[PDB]
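This document starts with one chain, in the form deposited in one PDB entry, laid out as structure tokens.
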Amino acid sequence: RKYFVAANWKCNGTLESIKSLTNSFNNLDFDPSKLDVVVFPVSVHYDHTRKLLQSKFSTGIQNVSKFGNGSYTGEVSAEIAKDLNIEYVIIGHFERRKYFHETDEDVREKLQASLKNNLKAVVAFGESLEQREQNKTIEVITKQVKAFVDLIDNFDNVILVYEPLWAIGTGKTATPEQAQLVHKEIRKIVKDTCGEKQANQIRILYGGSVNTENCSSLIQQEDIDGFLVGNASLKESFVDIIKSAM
């Protein structure tokens, strides 16, 4: 399968810093038919970022509404995104589950709205420290994946992201070997629910802490197809993370 490297800039950026960062990103010569590279800027930065990045880079937004057009102050619908040709959306990032009480049902309905409007979706899930220490990793992941997995109508257009919440801000670290085993089981869930060929087609990204040093050890695992990168994607050195997928 085609490797997939994505930059989640989160709530960061200025007009000036994006101008500088996109310029350095543009200096990297890669073939977009050999790997997908997606940048997810803040909503109000999307136009600025899209124009500054060369066409080899894909772009998207960090969240999409579960509702359609109408009386939903502050929301961005999938149909609005389609009209702007916004190619990708992130759904279910743990930060939205944590601070904004986004549920599994919210994730299901957001994916449905996105696919209905021909958007490509990056869907995130993962277990907490308490859940892992109670030996509930498989139980939690299965429930989270089964919340939306049956809706996938194209296995190039939906991309999965494992987020090891147990290793984020806890002092614990997730090893590539531990990541590989989870990814293996995620692909198994997709097999049992969607089919074998579909499971082998779908990309599953690692969504924990990724940097220039650990990136290659992660992507070289058989069932890890790329990353959704946080802090490291705000730096010029992000090009070296992309190089691990080249």
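Position 1 is the first residue in the sequence shown; the rest follow in order.
Below, we turn to the form deposited with a small molecule bound, even though it does not appear here.
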In the deposited bound form, which of 206-214, 190-198, 176-184, 47-55 comes within 4.5 Å of the small molecule (heavy atoms)? 206-214
Could you tell me if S20 has a non-hydrogen atom within 4.5 Å of the small molecule in the deposited bound form? no
Any chance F94 has a heavy atom within 4.5 Å of the small molecule in the deposited bound form? yes
Within a 4.5 Å heavy atom cut-off, is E163 in contact with the small molecule in the deposited bound form? yes
Touches the small molecule in the deposited bound form: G230 (any heavy atom, 4.5 Å): yes
Contact with the small molecule in the deposited bound form, heavy atom within 4.5 Å, among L151, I168, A113, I86 goes to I168
